[PDB]
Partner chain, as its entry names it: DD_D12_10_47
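So this first bit is one chain, no partners, the form deposited without the partner chain, shown in structure tokens.
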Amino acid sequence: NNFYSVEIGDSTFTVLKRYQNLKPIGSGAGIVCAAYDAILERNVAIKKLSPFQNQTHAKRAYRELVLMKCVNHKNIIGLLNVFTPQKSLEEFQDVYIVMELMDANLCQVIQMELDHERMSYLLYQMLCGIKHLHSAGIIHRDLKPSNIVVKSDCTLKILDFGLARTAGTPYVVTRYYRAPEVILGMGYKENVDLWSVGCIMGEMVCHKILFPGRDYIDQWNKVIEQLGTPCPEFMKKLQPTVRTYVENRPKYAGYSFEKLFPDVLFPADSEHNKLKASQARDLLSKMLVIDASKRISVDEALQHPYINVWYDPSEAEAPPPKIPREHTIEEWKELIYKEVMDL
């Protein structure tokens, strides 16, 4: 057989013979291994979608597969190969995705003391990845440090495309990174992603989660205590039921960004470049805005003095990815299989 089985913890990894020396790197709710591609003479990451058990997983796996092939960008994780051990549609069970192997999570970077140049450059690349997805009207929706991978040369790529979709109107976004429009059930546009960037940027500066809500409702308490109760113009935009609860909350003044992010928490202003704590804080104050209509866009974030120094139109103005929604599990299984065989 062209394949072979190797146990990783408890689950079985039935991969192509070309992929050798499989080692576990990360966990999910898909298990990821680091391997060596004997044919390509390079290190790879192999994700086993543990995929069509229910209609939710099916849409998540289909989205991941379709978007991974269409998107071709420096700051998006690239698809190298897709395969299945099974030989028929009836046999079909497991889906394996082969990608470029990165050295770490952004969790490790949050436990590091960076200089302005590395923070800025990491954020710039993140924004390039997000701008690319948005140029095709795709919103990531689940940006968090475990979805952001980095290399020792300070390069970065975005990872999860399971929830990635167009602008719309349940609990699938990770709590701490949920924007007010996701927490409060409003409609979300592209800049929902900028709130996630602000939470990640704040985590990098403070080295702790920015809004550590204890549940999905306490998440709102954490945001209004730090930022202040939103103004009545934002309240009018809420559904009457959510609005009554939000207006019933105790009133918060919030804290200034100078008190939330003092100079001492940012890297020292280098004598060798023009990057400054006051610009990083200004950028944070434009991303961590509750009302999405008053919060900046990805483009405005790329134009920001803390980020624009790296601007390169080859990465920042790259052509949009060319993309060519309710089915049963049987219709989905058939749909996944057709895409696996095609690529």
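Rigid core: the largest C-alpha set superposing within 1.5 Å between the two forms. Positions refer to the first chain, counted from 1.
Below: the form solved in complex with the partner chain, not depicted.
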Answer key, the partner chain contact in the deposited bound form at 4.5 Å (heavy atoms) among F234, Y176, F92, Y188: the residue is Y188
Which one, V98, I183, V71, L159, lies within 4.5 Å of the partner chain in the deposited bound form by heavy atoms?
-> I183
With the partner left out of view, is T169 within 4.5 angstroms of the partner chain in the deposited bound form by any non-hydrogen atom?
-> no
At the 4.5 Å heavy atom threshold, is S293 in contact with the partner chain in the deposited bound form?
-> no
Are any of the heavy atoms in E258 no more than 4.5 Å from a heavy atom of the partner chain in the deposited bound form?
-> no
With heavy atoms only and a cut-off of 4.5 Å, decide whether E326 touches the partner chain in the deposited bound form.
-> yes
Among 293-301, 280-288, 56-64, 38-46, which stretch has residues whose heavy atoms lie within 4.5 Å of the partner chain in the deposited bound form?
-> 56-64
What are the residues of 235-268, in order along the chain, with a heavy atom within 4.5 Å of the partner chain in the deposited bound form?
-> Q239, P240, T241, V242, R243, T244, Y245, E247, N248, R249
Considering only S256, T244, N72, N273, which residue exhibits a C-alpha shift of no less than 2 Å between this form and the one not shown, with the rigid core used for superposition?
-> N273
Yes/no, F92 Cα shift of 2 Å or more between this form and the one not shown with rigid core fixed | yes
Taking the rigid core as the reference frame, is the Cα of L101 displaced by 2 Å or more between this form and the one not shown?
-> no
Did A38 shift 2 Å or more between this form and the one not shown, C-alpha, core superposed = yes
If the CA atoms of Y311 and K274 move by 3 Å or more in the deposited bound form, do they move toward each other or away, so closer or farther than here?
-> farther
Which way does the C-alpha gap of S285 and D269 go in the deposited bound form, closer or farther, given it changes by 3 angstroms or more?
-> farther
